[PDB]
Amino acid sequence: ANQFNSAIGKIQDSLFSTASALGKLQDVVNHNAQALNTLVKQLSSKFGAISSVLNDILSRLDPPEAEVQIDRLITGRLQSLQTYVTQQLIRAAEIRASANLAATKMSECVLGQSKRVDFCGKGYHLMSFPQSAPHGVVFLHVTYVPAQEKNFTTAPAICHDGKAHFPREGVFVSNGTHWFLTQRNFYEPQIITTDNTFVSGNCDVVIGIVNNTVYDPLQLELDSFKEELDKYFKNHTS
Amino acid sequence: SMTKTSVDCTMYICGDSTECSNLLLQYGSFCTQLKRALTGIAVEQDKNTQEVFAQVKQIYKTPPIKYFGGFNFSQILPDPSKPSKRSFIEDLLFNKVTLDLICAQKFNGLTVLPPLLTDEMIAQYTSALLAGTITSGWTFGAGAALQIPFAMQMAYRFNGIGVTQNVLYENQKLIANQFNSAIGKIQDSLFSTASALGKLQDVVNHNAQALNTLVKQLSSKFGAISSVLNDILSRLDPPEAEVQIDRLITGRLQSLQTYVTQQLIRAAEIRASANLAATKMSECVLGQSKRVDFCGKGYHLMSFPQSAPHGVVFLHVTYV
Amino acid sequence: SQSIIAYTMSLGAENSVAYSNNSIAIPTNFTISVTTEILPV
Ligand SMILES: *[C@@H]1O[C@H](CO[C@@H]2O[C@@H](C)[C@@H](O)[C@@H](O)[C@@H]2O)[C@@H](O[C@@H]2O[C@H](CO)[C@@H](O)[C@H](O)[C@H]2NC(C)=O)[C@H](O)[C@H]1NC(C)=O
Ligand SMILES: *[C@@H]1O[C@H](CO)[C@@H](O[C@@H]2O[C@H](CO)[C@@H](O)[C@H](O)[C@H]2NC(C)=O)[C@H](O)[C@H]1NC(C)=O
Ligand SMILES: *[C@@H]1O[C@H](CO)[C@@H](O[C@@H]2O[C@H](CO)[C@@H](O)[C@H](O)[C@H]2NC(C)=O)[C@H](O)[C@H]1NC(C)=O
Ligand SMILES: *[C@@H]1O[C@H](CO)[C@@H](O[C@@H]2O[C@H](CO)[C@@H](O)[C@H](O)[C@H]2NC(C)=O)[C@H](O)[C@H]1NC(C)=O
Ligand SMILES: *[C@@H]1O[C@H](CO)[C@@H](O)[C@H](O)[C@H]1NC(C)=O
Ligand SMILES: *[C@@H]1O[C@H](CO)[C@@H](O)[C@H](O)[C@H]1NC(C)=O
């Protein structure tokens, strides 16, 4: 909880200080404004006519002579409009791709937990939270990152009684003297036992199999119970 | 990625002609737009490469001893006895896919910008991804790289596809031999069976065709007396010359606009392809994918990247 | 005094994973990381 609170408190700084992203939304706004400005600035080009103002041409010429200038202006402005609309269509295709990606991220990072690597942030995705931004969305991805790794000796299998034992879920580790079974993403060593291992074949197949003791809880419990039974017997029989 | 190009309107349309440039000023900011679009395309190409390949925090190296449980990675590991430490497969790819027409294009305002990452840096990135994925598994993609023996990593992956790891440990030599046979057949089936590897060549061919057509449209009169600006300027007074100059300006403006629009559409397609390649690098190379047919046909075990001219090659190792 | 300099790109730090026949690195801690992804809609 404390680590999450620290990270969510650093978000309010790193969102606007480290930059990186948040330039995509501003870039969208700037591209739209640039397109509109260029479209309305193309109205000042004569395109070969005597003037760029329709009222001027209409006032300074008879219709037969005016149509030539009017047609030059029509051709230029038609071209400008066509260019604007084509660029808008290409940009809208790009934005639709981005919005489809954002919808998939909302479905798979916010509404669930994702196993896809780096889809919902760097690390093992825990959850995600949405925030709305001008013309877009922001995903706060909460992920799990392993921190303090340590060396261990490891074996693929353990040989105990001429049988090979494999971890049910985990790895065999050794600090140098003893062998434990640990989960692969967090060092929580446990005694190797018939409960957390399964037997498959003999020890002559696996390359790298090591000798160690696999403890049977049934046998140990039976021996401990038989010790108490022997004490209870000797209480009155002997 | 695809080739970054830069076009000079004044040189392409009114090459070193002052009268034509003064007439071209009357069409507004069409060339500011064309230049801006091309610059966006080029910056996007560099972005595409960066997103696909710069996916490793560090440049991981394999240890000097190249034993990985019996597996033959030599044909995909870097070759230090070379100027660029490209692998065997990477060098085969770069030799098969190969990038006067070029001089003539360069002679009228049409230049080609070099990519920001050289082939040596792309090869370095691919080598770092390979070393990370074979010396640490999928741990380097989610934090610091944690070393693990390759057989035990393969047992992890067998567990990930639903097979118990004793099946790998008791068939380790057979699995290694099958992998070595398949990775040895890759060097033939990559250039003999064809199928793909035509996409990169198609990209190169489309770019070259676009540039050739753009520079060949300079020979069209578009209704003028001649297609050479110097000829028109030498054979006519200015008042009579402006008509031919304007016909040529209109035709060449149209050709440039068509080139830039086609480039924008193609760059959109290539950006989609590069986003797909980046997702494949994240989910097939940096981890093990449960998505069906995303990382090859079969139950995905692992994947290995190789760099190719203007693209990437994924060797998907799957269980069938 | 500051000045404009040119250089070759560094692709990142140089790391050699201590791969061995029987060595494994296991994490003993963890970090909760909240990252941000901005997407135009
Ligand atoms: C793993 O153990 C086997 C079997 O040895 C038995 O179990 C041991 C735990 C210990 O209690 C031994 O005294 C037991 O005999 C080892 O195989 C033995 O290898 C030695 C040396 O080559 C040989 O003289 C014995 O005859 C072998 N015993 C059998 C039953 O084949 C094996 O070497 C041990 N593995 C490792 C990696 O040391
Ligand atoms: C890991 O173990 C393998 C064998 O299981 C070692 O490979 C052998 O190395 C020795 C010298 O160290 C050579 O004489 C053998 O020919 C090698 N065998 C094979 C099959 O290649 C390997 O050196 C060990 N160490 C590391 C760091 O991988
Ligand atoms: C790993 O692969 C390489 C190449 O695929 C093998 O090297 C070949 O070895 C044979 C047998 O000596 C030679 O005839 C070939 O010329 C070698 N090829 C090359 C390209 O050098 C290598 O033997 C394999 N390693 C193992 C341990 O099997
Ligand atoms: C796991 O990591 C956490 C986070 O770094 C460690 O908690 C820190 O412990 C130090 C030493 O007591 C304190 O000064 C810090 O304030 C703690 N941080 C937080 C956020 O509480 C923790 O000790 C680590 N666990 C182990 C076993 O090493
Ligand atoms: C694991 O061992 C290698 C070899 O000594 C060492 O370089 C590396 O730092 C170790 N890793 C940790 C986390 O201690
Ligand atoms: C390995 O861990 C066990 C469990 O605490 C301990 O008894 C043993 O001494 C440890 N070995 C070393 C070398 O620290």
# chains A, B, ... in the order shown; residues from 1 in each chain; ligands from 1

call {"tool": "closest_atom_pairs", "arguments": {"of": "chain B", "to": "chain C", "cutoff": "10 Å", "atoms": "only C-alpha atoms", "output": "tab-separated table"}}
result
residue	atom	partner	partner_atom	distance
B:54	CA	C:11	CA	8.0
B:56	CA	C:12	CA	8.2
B:57	CA	C:12	CA	6.4
B:58	CA	C:13	CA	4.9
B:59	CA	C:14	CA	5.0
B:60	CA	C:15	CA	4.9
B:61	CA	C:16	CA	4.9
B:62	CA	C:16	CA	6.6
B:63	CA	C:19	CA	6.5
B:64	CA	C:19	CA	9.8
B:65	CA	C:20	CA	9.1
B:66	CA	C:19	CA	9.9
B:67	CA	C:21	CA	8.5
B:68	CA	C:21	CA	8.1
B:69	CA	C:21	CA	8.0
B:116	CA	C:9	CA	9.3
B:117	CA	C:9	CA	8.5
B:121	CA	C:11	CA	7.4
B:122	CA	C:11	CA	9.6
B:124	CA	C:11	CA	8.2
B:125	CA	C:11	CA	7.7
B:128	CA	C:15	CA	9.2
B:131	CA	C:17	CA	8.4
B:132	CA	C:17	CA	7.7
B:134	CA	C:19	CA	9.3
B:135	CA	C:19	CA	5.8
B:136	CA	C:17	CA	7.4
B:139	CA	C:25	CA	9.9
B:140	CA	C:17	CA	9.9
B:144	CA	C:27	CA	9.6
B:145	CA	C:17	CA	7.0
B:146	CA	C:25	CA	4.9
B:147	CA	C:24	CA	5.3
B:148	CA	C:24	CA	4.7
B:149	CA	C:21	CA	5.5
B:150	CA	C:21	CA	8.2
B:151	CA	C:21	CA	9.1
B:152	CA	C:22	CA	9.2

call {"tool": "interface_residues", "arguments": {"of": "chain A", "to": "chain C", "cutoff": "6 Å", "atoms": "only C-alpha atoms", "output": "ChimeraX atom specification"}}
result
/A:3-4,7,22,25,99,135-154,186-187

call {"tool": "write_last_selection", "arguments": {"atoms": "N, CA and C atoms", "output": "PDB file, in the first residue's frame"}}
result
ATOM      1  N   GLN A   3       3.986   1.584  -1.083  1.00  0.00           N
ATOM      2  CA  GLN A   3       4.647   1.714  -2.377  1.00  0.00           C
ATOM      3  C   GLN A   3       3.686   2.229  -3.438  1.00  0.00           C
ATOM      4  N   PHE A   4       2.452   1.720  -3.444  1.00  0.00           N
ATOM      5  CA  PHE A   4       1.460   2.220  -4.386  1.00  0.00           C
ATOM      6  C   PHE A   4       1.161   3.691  -4.144  1.00  0.00           C
ATOM      7  N   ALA A   7       4.008   5.804  -5.468  1.00  0.00           N
ATOM      8  CA  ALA A   7       4.019   5.871  -6.926  1.00  0.00           C
ATOM      9  C   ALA A   7       2.886   6.743  -7.461  1.00  0.00           C
ATOM     10  N   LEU A  22       2.055  12.792 -23.470  1.00  0.00           N
ATOM     11  CA  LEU A  22       1.256  13.999 -23.254  1.00  0.00           C
ATOM     12  C   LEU A  22       1.570  15.025 -24.332  1.00  0.00           C
ATOM     13  N   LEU A  25      -1.386  14.328 -27.485  1.00  0.00           N
ATOM     14  CA  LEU A  25      -2.627  15.093 -27.510  1.00  0.00           C
ATOM     15  C   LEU A  25      -2.385  16.517 -27.988  1.00  0.00           C
ATOM     16  N   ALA A  99      -7.521   5.067 -31.347  1.00  0.00           N
ATOM     17  CA  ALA A  99      -8.699   4.898 -30.506  1.00  0.00           C
ATOM     18  C   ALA A  99      -9.074   3.433 -30.364  1.00  0.00           C
ATOM     19  N   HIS A 135      -9.186  15.148 -25.731  1.00  0.00           N
ATOM     20  CA  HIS A 135      -9.048  14.350 -26.948  1.00  0.00           C
ATOM     21  C   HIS A 135      -8.272  13.062 -26.713  1.00  0.00           C
ATOM     22  N   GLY A 136      -8.376  12.467 -25.534  1.00  0.00           N
ATOM     23  CA  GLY A 136      -7.640  11.236 -25.330  1.00  0.00           C
ATOM     24  C   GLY A 136      -7.840  10.676 -23.945  1.00  0.00           C
ATOM     25  N   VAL A 137      -7.091   9.616 -23.674  1.00  0.00           N
ATOM     26  CA  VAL A 137      -7.189   8.894 -22.417  1.00  0.00           C
ATOM     27  C   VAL A 137      -5.787   8.681 -21.869  1.00  0.00           C
ATOM     28  N   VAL A 138      -5.703   8.553 -20.551  1.00  0.00           N
ATOM     29  CA  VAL A 138      -4.468   8.285 -19.836  1.00  0.00           C
ATOM     30  C   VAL A 138      -4.690   7.029 -19.010  1.00  0.00           C
ATOM     31  N   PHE A 139      -3.786   6.073 -19.128  1.00  0.00           N
ATOM     32  CA  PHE A 139      -3.846   4.841 -18.360  1.00  0.00           C
ATOM     33  C   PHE A 139      -2.724   4.861 -17.337  1.00  0.00           C
ATOM     34  N   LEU A 140      -3.083   4.748 -16.065  1.00  0.00           N
ATOM     35  CA  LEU A 140      -2.115   4.545 -14.997  1.00  0.00           C
ATOM     36  C   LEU A 140      -2.013   3.048 -14.771  1.00  0.00           C
ATOM     37  N   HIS A 141      -0.910   2.463 -15.212  1.00  0.00           N
ATOM     38  CA  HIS A 141      -0.687   1.030 -15.120  1.00  0.00           C
ATOM     39  C   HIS A 141       0.079   0.726 -13.844  1.00  0.00           C
ATOM     40  N   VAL A 142      -0.519  -0.077 -12.973  1.00  0.00           N
ATOM     41  CA  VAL A 142       0.103  -0.541 -11.744  1.00  0.00           C
ATOM     42  C   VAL A 142       0.632  -1.942 -12.001  1.00  0.00           C
ATOM     43  N   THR A 143       1.949  -2.100 -11.897  1.00  0.00           N
ATOM     44  CA  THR A 143       2.629  -3.347 -12.205  1.00  0.00           C
ATOM     45  C   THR A 143       3.542  -3.742 -11.054  1.00  0.00           C
ATOM     46  N   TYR A 144       3.908  -5.020 -11.061  1.00  0.00           N
ATOM     47  CA  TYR A 144       4.771  -5.637 -10.065  1.00  0.00           C
ATOM     48  C   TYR A 144       6.148  -5.828 -10.682  1.00  0.00           C
ATOM     49  N   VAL A 145       7.182  -5.307 -10.031  1.00  0.00           N
ATOM     50  CA  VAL A 145       8.544  -5.403 -10.535  1.00  0.00           C
ATOM     51  C   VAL A 145       9.402  -6.082  -9.474  1.00  0.00           C
ATOM     52  N   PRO A 146       9.997  -7.240  -9.750  1.00  0.00           N
ATOM     53  CA  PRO A 146      10.925  -7.837  -8.783  1.00  0.00           C
ATOM     54  C   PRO A 146      12.111  -6.918  -8.522  1.00  0.00           C
ATOM     55  N   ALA A 147      12.587  -6.902  -7.275  1.00  0.00           N
ATOM     56  CA  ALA A 147      13.494  -5.851  -6.832  1.00  0.00           C
ATOM     57  C   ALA A 147      14.884  -6.344  -6.456  1.00  0.00           C
ATOM     58  N   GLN A 148      15.006  -7.236  -5.480  1.00  0.00           N
ATOM     59  CA  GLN A 148      16.312  -7.573  -4.914  1.00  0.00           C
ATOM     60  C   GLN A 148      16.618  -9.040  -5.180  1.00  0.00           C
ATOM     61  N   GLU A 149      17.186  -9.312  -6.348  1.00  0.00           N
ATOM     62  CA  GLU A 149      17.521 -10.669  -6.740  1.00  0.00           C
ATOM     63  C   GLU A 149      18.756 -11.156  -5.999  1.00  0.00           C
ATOM     64  N   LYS A 150      18.860 -12.477  -5.872  1.00  0.00           N
ATOM     65  CA  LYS A 150      19.987 -13.109  -5.209  1.00  0.00           C
ATOM     66  C   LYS A 150      20.386 -14.362  -5.975  1.00  0.00           C
ATOM     67  N   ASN A 151      21.684 -14.693  -5.918  1.00  0.00           N
ATOM     68  CA  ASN A 151      22.203 -15.935  -6.481  1.00  0.00           C
ATOM     69  C   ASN A 151      21.719 -17.140  -5.687  1.00  0.00           C
ATOM     70  N   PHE A 152      21.494 -18.247  -6.388  1.00  0.00           N
ATOM     71  CA  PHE A 152      21.303 -19.548  -5.768  1.00  0.00           C
ATOM     72  C   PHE A 152      21.824 -20.616  -6.709  1.00  0.00           C
ATOM     73  N   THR A 153      22.222 -21.747  -6.137  1.00  0.00           N
ATOM     74  CA  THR A 153      22.440 -22.943  -6.934  1.00  0.00           C
ATOM     75  C   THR A 153      21.092 -23.595  -7.202  1.00  0.00           C
ATOM     76  N   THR A 154      20.930 -24.175  -8.384  1.00  0.00           N
ATOM     77  CA  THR A 154      19.653 -24.754  -8.762  1.00  0.00           C
ATOM     78  C   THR A 154      19.856 -26.113  -9.415  1.00  0.00           C
ATOM     79  N   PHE A 186       9.505 -14.874  -6.084  1.00  0.00           N
ATOM     80  CA  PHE A 186       9.688 -14.314  -4.753  1.00  0.00           C
ATOM     81  C   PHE A 186      10.321 -15.382  -3.880  1.00  0.00           C
ATOM     82  N   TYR A 187      11.474 -15.076  -3.295  1.00  0.00           N
ATOM     83  CA  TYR A 187      12.214 -16.082  -2.538  1.00  0.00           C
ATOM     84  C   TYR A 187      11.472 -16.393  -1.248  1.00  0.00           C
TER      85      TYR A 187
END

call {"tool": "closest_residue", "arguments": {"among": "B:178, B:72, B:261, B:205", "to": "chain A", "atoms": "only C-alpha atoms"}}
result
B:261

call {"tool": "interface_residues", "arguments": {"of": "chain B", "to": "chain A", "cutoff": "7 Å", "atoms": "only C-alpha atoms", "output": "PyMOL selection string"}}
result
chain B and resi 26-28+142-143+152+166+169-170+282-283+287

call {"tool": "write_last_selection", "arguments": {"atoms": "C-alpha atoms", "output": "CSV table (one decimal), in the first residue's frame"}}
result
chain,number,residue,atom,x,y,z
B,26,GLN,CA,1.5,32.6,-56.2
B,27,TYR,CA,0.3,29.2,-55.2
B,28,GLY,CA,0.7,29.8,-51.5
B,142,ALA,CA,9.9,-7.3,-16.6
B,143,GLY,CA,12.8,-5.9,-14.6
B,152,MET,CA,15.1,-25.1,-16.8
B,166,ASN,CA,9.7,-33.9,-16.7
B,169,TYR,CA,14.0,-33.1,-18.8
B,170,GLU,CA,13.6,-36.7,-19.9
B,282,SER,CA,7.1,-7.6,-26.7
B,283,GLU,CA,4.9,-10.7,-26.6
B,287,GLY,CA,7.7,-13.5,-23.1

call {"tool": "residues_near_ligand", "arguments": {"ligand": "ligand 3", "cutoff": "8 Å", "atoms": "only C-alpha atoms and all ligand atoms", "output": "PDB file with C-alpha atoms, in the first residue's frame"}}
result
ATOM      1  CA  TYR B  67      26.653 -24.018 -24.051  1.00  0.00           C
ATOM      2  CA  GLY B  70      22.657 -28.549 -25.958  1.00  0.00           C
ATOM      3  CA  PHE B  71      21.051 -25.917 -28.182  1.00  0.00           C
ATOM      4  CA  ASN B  72      22.655 -24.506 -31.351  1.00  0.00           C
ATOM      5  CA  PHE B  73      22.247 -20.717 -31.351  1.00  0.00           C
ATOM      6  CA  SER B  74      25.421 -20.080 -33.364  1.00  0.00           C
ATOM      7  CA  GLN B  75      23.544 -19.257 -36.574  1.00  0.00           C
ATOM      8  CA  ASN B 180      19.021 -27.771 -34.008  1.00  0.00           C
ATOM      9  CA  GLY B 184      19.556 -25.462 -39.536  1.00  0.00           C
TER      10      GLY B 184
END

call {"tool": "select_by_dssp", "arguments": {"residues": "chain C", "states": "strand (DSSP E or B)", "output": "ChimeraX atom specification"}}
result
/C:13-16,23-27,30-40

call {"tool": "residues_near_ligand", "arguments": {"ligand": "ligand 6", "cutoff": "7 Å", "atoms": "only C-alpha atoms and all ligand atoms", "output": "ChimeraX atom specification"}}
result
/A:174-178

call {"tool": "residues_around", "arguments": {"residues": "residue 251 of chain B", "least_positions_apart": "6", "cutoff": "12 Å", "atoms": "only C-alpha atoms", "output": "list in words"}}
result
residues 12, 13, 14, 214, 217, 218, 219, 220, 221, 222, 223, 224, 227, 244, 245, 257 and 258 of chain B

call {"tool": "residues_around", "arguments": {"residues": "segment 263-277 of chain B", "least_positions_apart": "5", "cutoff": "10 Å", "atoms": "only C-alpha atoms", "output": "compact mmCIF listing (two decimals) with C-alpha atoms, in the first residue's frame"}}
result
# COMPACT_ATOMS: atom_id res chain seq x y z
CA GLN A 87 -4.96 15.11 -45.02
CA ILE A 90 -5.41 10.19 -43.39
CA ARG A 91 -5.14 11.76 -39.92
CA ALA A 93 -7.46 6.95 -40.01
CA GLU A 94 -4.43 7.28 -37.72
CA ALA A 97 -6.22 3.21 -35.07
CA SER B 1 10.53 1.25 -41.64
CA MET B 2 10.76 2.68 -45.14
CA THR B 3 13.06 5.07 -46.95
CA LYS B 4 12.98 8.67 -45.74
CA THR B 5 12.83 11.08 -48.66
CA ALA B 37 4.27 15.90 -44.52
CA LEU B 38 7.55 14.38 -45.70
CA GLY B 40 6.58 13.82 -40.46
CA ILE B 41 6.93 10.62 -42.48
CA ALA B 42 10.71 10.52 -41.91
CA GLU B 44 7.80 8.47 -38.03
CA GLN B 45 10.15 6.01 -39.75
CA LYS B 47 10.10 6.23 -34.42
CA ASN B 48 9.01 2.91 -35.96
CA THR B 49 12.52 1.52 -35.77
CA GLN B 50 13.00 2.78 -32.21
CA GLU B 51 9.76 1.22 -30.96
CA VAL B 52 10.44 -2.16 -32.58
CA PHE B 53 14.08 -2.59 -31.64
CA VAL B 203 8.67 -1.95 -49.75
CA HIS B 206 7.48 0.65 -54.10
CA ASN B 207 9.73 3.42 -52.80
CA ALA B 210 7.51 6.26 -56.52
CA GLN B 257 1.00 16.18 -54.46
CA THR B 258 0.32 12.68 -55.77
CA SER B 282 7.10 -7.64 -26.68
CA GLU B 283 4.86 -10.71 -26.55
CA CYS B 284 6.79 -13.39 -28.48
CA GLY B 311 12.30 -4.86 -41.13
CA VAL B 312 12.51 -7.66 -38.63
CA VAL B 313 12.42 -11.45 -38.81
CA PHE B 314 10.98 -13.56 -35.99

call {"tool": "select_by_dssp", "arguments": {"residues": "segment 61-201 of chain A", "states": "alpha helix (DSSP H)", "output": "MDAnalysis selection string"}}
result
chainID A and resid 63:105

call {"tool": "write_last_selection", "arguments": {"atoms": "N, CA and C atoms", "output": "short mmCIF file (atom, residue, chain, number, x, y, z; two decimals), in the first residue's frame"}}
result
data_model
loop_
_atom_site.label_atom_id
_atom_site.label_comp_id
_atom_site.auth_asym_id
_atom_site.auth_seq_id
_atom_site.Cartn_x
_atom_site.Cartn_y
_atom_site.Cartn_z
N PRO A 63 -18.16 40.56 -67.00
CA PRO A 63 -18.27 39.11 -66.76
C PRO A 63 -17.37 38.30 -67.68
N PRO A 64 -17.37 38.53 -69.01
CA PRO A 64 -16.54 37.66 -69.87
C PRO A 64 -15.07 37.68 -69.50
N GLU A 65 -14.54 38.84 -69.10
CA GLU A 65 -13.16 38.92 -68.66
C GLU A 65 -12.98 38.51 -67.21
N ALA A 66 -14.04 38.59 -66.40
CA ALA A 66 -13.93 38.22 -65.00
C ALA A 66 -13.88 36.71 -64.81
N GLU A 67 -14.57 35.94 -65.67
CA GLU A 67 -14.63 34.50 -65.47
C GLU A 67 -13.25 33.85 -65.45
N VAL A 68 -12.28 34.41 -66.17
CA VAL A 68 -10.94 33.82 -66.18
C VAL A 68 -10.32 33.88 -64.80
N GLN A 69 -10.36 35.06 -64.17
CA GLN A 69 -9.82 35.20 -62.82
C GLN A 69 -10.63 34.39 -61.82
N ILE A 70 -11.95 34.39 -61.97
CA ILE A 70 -12.80 33.60 -61.08
C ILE A 70 -12.44 32.13 -61.18
N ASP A 71 -12.13 31.65 -62.39
CA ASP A 71 -11.81 30.24 -62.58
C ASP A 71 -10.43 29.91 -62.01
N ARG A 72 -9.47 30.83 -62.14
CA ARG A 72 -8.18 30.59 -61.50
C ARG A 72 -8.34 30.46 -59.99
N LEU A 73 -9.13 31.36 -59.39
CA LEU A 73 -9.37 31.29 -57.95
C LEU A 73 -10.13 30.03 -57.57
N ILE A 74 -11.11 29.63 -58.38
CA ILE A 74 -11.87 28.41 -58.09
C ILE A 74 -10.96 27.19 -58.13
N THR A 75 -10.08 27.11 -59.13
CA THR A 75 -9.17 25.98 -59.22
C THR A 75 -8.23 25.92 -58.02
N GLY A 76 -7.65 27.06 -57.66
CA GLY A 76 -6.74 27.07 -56.52
C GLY A 76 -7.42 26.70 -55.22
N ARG A 77 -8.62 27.24 -54.99
CA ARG A 77 -9.31 26.97 -53.73
C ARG A 77 -9.90 25.57 -53.69
N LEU A 78 -10.34 25.04 -54.83
CA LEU A 78 -10.73 23.64 -54.90
C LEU A 78 -9.56 22.74 -54.54
N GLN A 79 -8.37 23.03 -55.07
CA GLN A 79 -7.20 22.24 -54.74
C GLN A 79 -6.87 22.31 -53.26
N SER A 80 -6.95 23.51 -52.68
CA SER A 80 -6.67 23.65 -51.25
C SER A 80 -7.65 22.85 -50.41
N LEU A 81 -8.94 22.91 -50.75
CA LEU A 81 -9.94 22.14 -50.02
C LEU A 81 -9.70 20.64 -50.15
N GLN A 82 -9.38 20.18 -51.37
CA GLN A 82 -9.12 18.77 -51.58
C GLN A 82 -7.94 18.30 -50.75
N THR A 83 -6.87 19.09 -50.72
CA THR A 83 -5.70 18.74 -49.92
C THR A 83 -6.05 18.68 -48.44
N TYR A 84 -6.83 19.65 -47.96
CA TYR A 84 -7.23 19.64 -46.56
C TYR A 84 -8.03 18.39 -46.22
N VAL A 85 -8.98 18.02 -47.08
CA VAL A 85 -9.84 16.88 -46.77
C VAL A 85 -9.06 15.57 -46.84
N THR A 86 -8.14 15.45 -47.80
CA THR A 86 -7.33 14.23 -47.87
C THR A 86 -6.43 14.09 -46.64
N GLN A 87 -5.79 15.18 -46.22
CA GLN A 87 -4.96 15.11 -45.02
C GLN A 87 -5.80 14.78 -43.79
N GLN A 88 -7.01 15.35 -43.71
CA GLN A 88 -7.91 15.04 -42.60
C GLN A 88 -8.30 13.57 -42.60
N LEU A 89 -8.55 12.99 -43.78
CA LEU A 89 -8.92 11.58 -43.85
C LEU A 89 -7.78 10.69 -43.38
N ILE A 90 -6.56 10.99 -43.82
CA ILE A 90 -5.41 10.19 -43.39
C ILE A 90 -5.19 10.33 -41.88
N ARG A 91 -5.31 11.55 -41.35
CA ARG A 91 -5.14 11.76 -39.92
C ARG A 91 -6.23 11.07 -39.12
N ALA A 92 -7.46 11.09 -39.62
CA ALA A 92 -8.56 10.42 -38.93
C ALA A 92 -8.38 8.92 -38.95
N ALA A 93 -7.81 8.37 -40.02
CA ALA A 93 -7.46 6.95 -40.01
C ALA A 93 -6.45 6.64 -38.91
N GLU A 94 -5.42 7.47 -38.79
CA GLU A 94 -4.43 7.28 -37.72
C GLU A 94 -5.08 7.37 -36.33
N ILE A 95 -5.95 8.36 -36.14
CA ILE A 95 -6.61 8.53 -34.85
C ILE A 95 -7.57 7.38 -34.56
N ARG A 96 -8.23 6.84 -35.58
CA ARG A 96 -9.09 5.68 -35.38
C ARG A 96 -8.28 4.46 -34.96
N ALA A 97 -7.10 4.27 -35.55
CA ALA A 97 -6.22 3.21 -35.07
C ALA A 97 -5.85 3.42 -33.61
N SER A 98 -5.50 4.66 -33.25
CA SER A 98 -5.14 4.95 -31.87
C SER A 98 -6.31 4.72 -30.92
N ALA A 99 -7.52 5.07 -31.35
CA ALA A 99 -8.70 4.90 -30.51
C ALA A 99 -9.07 3.43 -30.36
N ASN A 100 -8.88 2.64 -31.42
CA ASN A 100 -9.08 1.20 -31.30
C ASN A 100 -8.09 0.60 -30.32
N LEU A 101 -6.84 1.06 -30.37
CA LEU A 101 -5.86 0.60 -29.39
C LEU A 101 -6.26 1.00 -27.97
N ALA A 102 -6.73 2.23 -27.79
CA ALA A 102 -7.15 2.69 -26.47
C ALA A 102 -8.35 1.91 -25.96
N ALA A 103 -9.28 1.55 -26.85
CA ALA A 103 -10.42 0.73 -26.45
C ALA A 103 -9.98 -0.66 -26.04
N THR A 104 -9.03 -1.25 -26.77
CA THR A 104 -8.52 -2.56 -26.39
C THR A 104 -7.79 -2.49 -25.05
N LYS A 105 -7.05 -1.41 -24.81
CA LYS A 105 -6.36 -1.23 -23.54
C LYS A 105 -7.35 -1.05 -22.39
#

call {"tool": "atom_distance", "arguments": {"atom1": "atom CA of residue 112 of chain A", "atom2": "atom CA of residue 130 of chain A"}}
result
12.6 Å

call {"tool": "residues_around", "arguments": {"residues": "residue 305 of chain B", "least_positions_apart": "4", "cutoff": "9 Å", "atoms": "only C-alpha atoms", "output": "list in words"}}
result
residues 76, 126, 127, 129, 130, 281, 285, 312, 313, 314, 315 and 316 of chain B

call {"tool": "residues_near_ligand", "arguments": {"ligand": "ligand 1", "cutoff": "9 Å", "atoms": "only C-alpha atoms and all ligand atoms", "output": "mmCIF file with C-alpha atoms, in the first residue's frame"}}
result
data_model
loop_
_atom_site.group_PDB
_atom_site.id
_atom_site.type_symbol
_atom_site.label_atom_id
_atom_site.label_comp_id
_atom_site.auth_asym_id
_atom_site.auth_seq_id
_atom_site.Cartn_x
_atom_site.Cartn_y
_atom_site.Cartn_z
ATOM 1 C CA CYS A 159 17.072 -37.806 -6.582
ATOM 2 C CA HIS A 160 16.042 -39.382 -3.281
ATOM 3 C CA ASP A 161 15.296 -43.129 -3.518
ATOM 4 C CA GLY A 162 16.307 -43.873 -7.068
ATOM 5 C CA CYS A 203 17.589 -40.568 -11.627
ATOM 6 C CA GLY A 208 21.863 -32.147 -13.619
ATOM 7 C CA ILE A 209 19.805 -34.088 -11.069
ATOM 8 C CA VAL A 210 21.217 -33.792 -7.553
ATOM 9 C CA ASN A 211 20.937 -35.975 -4.466
ATOM 10 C CA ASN A 212 18.986 -34.633 -1.509
ATOM 11 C CA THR A 213 16.324 -35.677 0.968
#

call {"tool": "decode", "arguments": {"residues": "segment 21-30 of chain A", "atoms": "C-alpha atoms", "output": "mmCIF file, in the first residue's frame"}}
result
data_model
loop_
_atom_site.group_PDB
_atom_site.id
_atom_site.type_symbol
_atom_site.label_atom_id
_atom_site.label_comp_id
_atom_site.auth_asym_id
_atom_site.auth_seq_id
_atom_site.Cartn_x
_atom_site.Cartn_y
_atom_site.Cartn_z
ATOM 1 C CA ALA A 21 4.033 11.395 -23.746
ATOM 2 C CA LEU A 22 1.256 13.999 -23.254
ATOM 3 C CA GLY A 23 2.792 15.460 -26.380
ATOM 4 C CA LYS A 24 0.558 13.271 -28.523
ATOM 5 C CA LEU A 25 -2.627 15.093 -27.510
ATOM 6 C CA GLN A 26 -0.984 18.482 -27.958
ATOM 7 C CA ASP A 27 0.357 17.303 -31.313
ATOM 8 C CA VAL A 28 -3.163 16.339 -32.385
ATOM 9 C CA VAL A 29 -4.458 19.775 -31.388
ATOM 10 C CA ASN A 30 -1.555 21.507 -33.138
#
